[PDB]
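Encoded as structure tokens, the structure appears first; notes follow it.
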There are 2 protein chains.
Amino acid sequence: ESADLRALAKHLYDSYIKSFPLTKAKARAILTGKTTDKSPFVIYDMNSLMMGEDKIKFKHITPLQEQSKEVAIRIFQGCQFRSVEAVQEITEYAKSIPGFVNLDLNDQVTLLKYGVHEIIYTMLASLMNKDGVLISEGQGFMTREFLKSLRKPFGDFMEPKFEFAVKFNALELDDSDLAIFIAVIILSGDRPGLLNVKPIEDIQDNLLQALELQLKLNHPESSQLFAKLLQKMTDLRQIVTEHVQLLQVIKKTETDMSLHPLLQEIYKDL
Amino acid sequence: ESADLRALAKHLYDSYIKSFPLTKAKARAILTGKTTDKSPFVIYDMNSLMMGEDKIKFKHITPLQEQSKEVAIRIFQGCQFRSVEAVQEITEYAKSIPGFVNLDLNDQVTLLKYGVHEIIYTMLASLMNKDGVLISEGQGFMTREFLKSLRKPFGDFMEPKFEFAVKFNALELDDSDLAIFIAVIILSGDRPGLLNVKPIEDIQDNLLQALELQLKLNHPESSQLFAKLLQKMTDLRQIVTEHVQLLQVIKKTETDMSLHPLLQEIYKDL
Ligand SMILES: O=C(O)[C@H](Cc1ccccc1)Oc1ccc(CCc2ccccc2)cc1
């Protein structure tokens, strides 16, 4: 019954809101949008980052650039720290999807382990436009130029994601849409190692049917949007693969450090 | 609302099952012969230790050890592998603790630094009974007596732990109890160096509430179990202290032995 689906959509959207601080709606306002009442700190130059890191509420290290701890590394690493905060936010959202917590615990871990990078880049698009990405809960903004002028390995790191974001955002989906989409992603069924695929695809079939109605009733003039969104799952996958790549290329720049034992432990890969 | 607390417990118990391969429940089932689906091989001497490499999965030496890392040394270098292994896990259990990742990076490291061994000795009791302790995921069982008859120094490492366990297991706590206690231990606040404290103590306060409800519901007839358990935290501190000084003696009577990096970094003095 359509009523059942409309119901599931509201539940998912409700949890999403509770589970994620910065929403796309909220992020869109700060961005190009006006809603000027608390403008962000633009970081466009080396001095911009320096002369504005002792004022930002970012957790990692104080601004110090003088032949000690490079900016390129402090930025990449700072990106991991946040990515890990996000994972707890996603794990909590997964537990809100009907049927999820009832599945074999091992499969739950398997589903979260492989679905997390896909969710992260999906939501990273909500905070990006063609000129840059919002930073620190939206308190600041880091231009796309500065990022492209970083170290050799780190210069081509966030460019493929800027490209994905631009095309992805062309779809003009809103938080209520993203909520269901993100759930479809988690309830895949082709993840390696699953022990009992049946219930997983059963739940996903239900989420897919909800997504179809959510898009048809929320974007009436946007024909076949359902199909267009599912096709994006191809780009995301490439984005995730291509990412583990450069990542390994970095795993050969900085490693053996007797000061990062318990810290590097908390930041494996995902 | 006692509803949210119950929900927090459920959460924690769930991540607990997901981070530890050998739960107390599996352990007791193995320790009580009632279930011979897979009984352990017993180690109470050199012969049985020799026959040990056989069925059990050991990559160490099997034959003589007098001229190739004596037995005592053989036992403890493996023990060392288990600790780093436990830390990596506890480290993983931590990230799932609501709020732990949102804290100051420096403090996170401080929290894991002082809590890790206290947790290991808490969980290590799930594998001991008056007579000994399970080894290699439960496939083996090493005699308390054998362990105590080890060379002058090494033979003092485990005894104090057995004493803690005998009394601690008296409490008859189950896996869903240990999960919350384990969390209350990490989020201390009275730990040295903590840049902050209020954020840290807000989370523990919440954990303590959940543990308090769990014990009541789960152990209705056990008077003052909450308080009794917290008093146990005192016994852990001492144990960590006798352990450290012992560790220091080995560092001097064996210039050949080397304490793993991830363990040397955690350890300190005074
Ligand atoms: O302090 C630790 O992190 C571990 C904690 C522990 C102890 C017992 C069971 C599980 C975990 O206990 C020890 C004690 C001694 C050692 C010595 C390691 C060693 C032995 C022989 C040769 C070289 C190094 C390592 C770990």
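Within every chain, numbering begins at 1; the chains are lettered A, B, ... in the order of the sequence lines, protein sequences first and strands thereafter. Below, all heavy atoms of this structure are taken into account, side chains as well, without hydrogens, waters or symmetry copies.
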Can you tell me if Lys113(A) has over 12 outside heavy atoms packed within less than 6.0 Å of its NZ? no
If you check every heavy atom in residues 61-75 of chain A against those of chain B, which residues fall under 4.5 Å? none
Chi angles and distances behind the side-chain hydrogen bond (donor to acceptor under 3.5 Å, both in side chains) call for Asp175(B), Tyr16(B): CA-CA 8 Å; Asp175(B) 287 311; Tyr16(B) 178 85; 2.9 Å; yes
Less than 4.0 Å between a side-chain N and a carboxylate O, is that true for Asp14(B) and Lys18(B)? yes
Evaluate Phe157(B) against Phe76(B) for ring pair (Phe, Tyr, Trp, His ring centres under 6.0 Å), listing each step before the verdict. CA-CA 10 Å; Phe157(B) 273 109; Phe76(B) 290 78; 5.3 Å; yes
Checking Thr91(B) against chain A: side chain, backbone, both or neither under 4.5 Å from a heavy atom? side chain
So which residues of residues 247-270 of chain B are in contact with chain A at a heavy-atom cut-off of under 4.5 Å? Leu262(B), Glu265(B), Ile266(B)
For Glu85(A), which atoms come within 4.5 Å of any heavy atom of chain B: side chain, backbone, both, or neither? both
Salt-bridged, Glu118(B) to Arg191(B), with N to O below 4.0 Å? yes
Please identify, among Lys59(A), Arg82(A), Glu92(A), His60(A), the residue contributing the most non-hydrogen atom pairs under 4.5 Å to chain B. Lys59(A)
To the nearest 0.5 Å, tell me how far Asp107(B) CG sits from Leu195(B) CG. 4.5 Å
Answer whether the closest heavy-atom distance between the side chains of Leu124(B) and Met158(B) falls below 4.5 Å. yes
Chain A contact via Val87(B) - side chain, backbone, both or neither, heavy atoms under 4.5 Å: side chain
Name the orientation class of the two ring planes belonging to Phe20(B) and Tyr93(B) (parallel below 30°, tilted from 30 to 60°, perpendicular beyond 60°). tilted
Using a 4.5 Å cut-off on heavy atoms from C-beta on, say whether the side chain of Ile43(A) contacts that of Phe41(A). yes
Chi angles and distances behind the side-chain hydrogen bond (donor to acceptor under 3.5 Å, both in side chains) call for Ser188(B), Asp190(B): CA-CA 6 Å; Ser188(B) 298; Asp190(B) 285 341; over 6 Å; no
Basic-acidic side-chain contact under 4.0 Å: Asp202(B), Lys198(B): no
